[PDB]
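Note sheet for the following structure.
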Amino acid sequence: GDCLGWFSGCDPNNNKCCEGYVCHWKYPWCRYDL
């Protein structure tokens, strides 16, 4: 494992997900960026 993943939870200030995902304040879970 390298990144958190859309399934994993992350923060907007401490985003630790893989390219493509975004920790928008809207929700904790990593939301897609499409």
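Following the order of the structure tokens, chains are lettered A, B, ..., residues in each are numbered from 1, and ligands are numbered from 1.
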Discussion item. Env of residue A:19: 10 Å cut, atoms = only C-alpha atoms, seq-sep filter 4 positions within chain, self excluded. Answer as an MDAnalysis selection string.
Written reply: chainID A and resid 3 5 32:33
I need the residues from that last selection saved to file as a PDB file, in the first residue's frame (with N, CA and C atoms), if you can.
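Output saved as selection.pdb:
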```pdb
ATOM      1  N   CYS A   3      -0.830   4.637  -1.213  1.00  0.00           N
ATOM      2  CA  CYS A   3      -1.778   5.714  -0.953  1.00  0.00           C
ATOM      3  C   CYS A   3      -2.943   5.218  -0.100  1.00  0.00           C
ATOM      4  N   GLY A   5      -6.381   5.743  -0.643  1.00  0.00           N
ATOM      5  CA  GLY A   5      -7.400   5.155  -1.492  1.00  0.00           C
ATOM      6  C   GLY A   5      -8.764   5.782  -1.280  1.00  0.00           C
ATOM      7  N   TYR A  32     -13.793  11.039  -5.669  1.00  0.00           N
ATOM      8  CA  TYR A  32     -13.182  11.073  -6.993  1.00  0.00           C
ATOM      9  C   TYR A  32     -13.129  12.499  -7.531  1.00  0.00           C
ATOM     10  N   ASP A  33     -12.258  12.724  -8.510  1.00  0.00           N
ATOM     11  CA  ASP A  33     -12.109  14.042  -9.115  1.00  0.00           C
ATOM     12  C   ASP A  33     -12.462  14.003 -10.598  1.00  0.00           C
TER      13      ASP A  33
END
```
Discussion item. Excluding residue A:7 and its own-chain neighbours fewer than 4 positions away, which residues fall within 12 Å of it when counting only C-alpha atoms? Please give them as a PyMOL selection string.
Written reply: chain A and resi 3+17-18+21-23+28-32
So that I can check the surroundings of residue A:16, please list as a JSON list (two decimals) with N, CA, C and O atoms, in the first residue's frame every protein, DNA and RNA residue that reaches within 8 Å of it, counting only C-alpha atoms and ignoring chain neighbours fewer than 4 positions away.
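Everything below was put into result_31.json:
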```json
[["chain", "number", "residue", "atom", "x", "y", "z"],
["A", 3, "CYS", "N", -0.83, 4.64, -1.21],
["A", 3, "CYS", "CA", -1.78, 5.71, -0.95],
["A", 3, "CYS", "C", -2.94, 5.22, -0.10],
["A", 3, "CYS", "O", -3.13, 4.01, 0.08],
["A", 4, "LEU", "N", -3.73, 6.16, 0.42],
["A", 4, "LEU", "CA", -4.87, 5.82, 1.26],
["A", 4, "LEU", "C", -5.95, 5.10, 0.44],
["A", 4, "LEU", "O", -6.37, 4.00, 0.78],
["A", 10, "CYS", "N", -9.56, 10.48, 4.46],
["A", 10, "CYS", "CA", -8.49, 11.47, 4.50],
["A", 10, "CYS", "C", -9.05, 12.86, 4.78],
["A", 10, "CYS", "O", -10.26, 13.08, 4.74],
["A", 11, "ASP", "N", -8.15, 13.81, 5.05],
["A", 11, "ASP", "CA", -8.55, 15.18, 5.33],
["A", 11, "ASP", "C", -8.08, 16.12, 4.22],
["A", 11, "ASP", "O", -7.17, 15.80, 3.46]]
```
Discussion item. DSSP on the backbone: which residues in chain A end up as strand (DSSP E)? Give the answer as a VMD selection string.
Written reply: chain A and resid 21 to 22 31 to 32
Could you write out that same residue set with N, CA and C atoms as a PDB file, in the first residue's frame?
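Listed below is the output, part_22.pdb:
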```
ATOM      1  N   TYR A  21      -7.867  11.394  -6.421  1.00  0.00           N
ATOM      2  CA  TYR A  21      -8.782  11.547  -5.295  1.00  0.00           C
ATOM      3  C   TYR A  21      -8.601  12.908  -4.628  1.00  0.00           C
ATOM      4  N   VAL A  22      -9.656  13.381  -3.972  1.00  0.00           N
ATOM      5  CA  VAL A  22      -9.615  14.669  -3.289  1.00  0.00           C
ATOM      6  C   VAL A  22     -10.343  14.604  -1.951  1.00  0.00           C
ATOM      7  N   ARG A  31     -13.048  11.495  -2.188  1.00  0.00           N
ATOM      8  CA  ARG A  31     -13.984  11.540  -3.304  1.00  0.00           C
ATOM      9  C   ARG A  31     -13.242  11.659  -4.632  1.00  0.00           C
ATOM     10  N   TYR A  32     -13.793  11.039  -5.669  1.00  0.00           N
ATOM     11  CA  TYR A  32     -13.182  11.073  -6.993  1.00  0.00           C
ATOM     12  C   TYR A  32     -13.129  12.499  -7.531  1.00  0.00           C
TER      13      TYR A  32
END
```
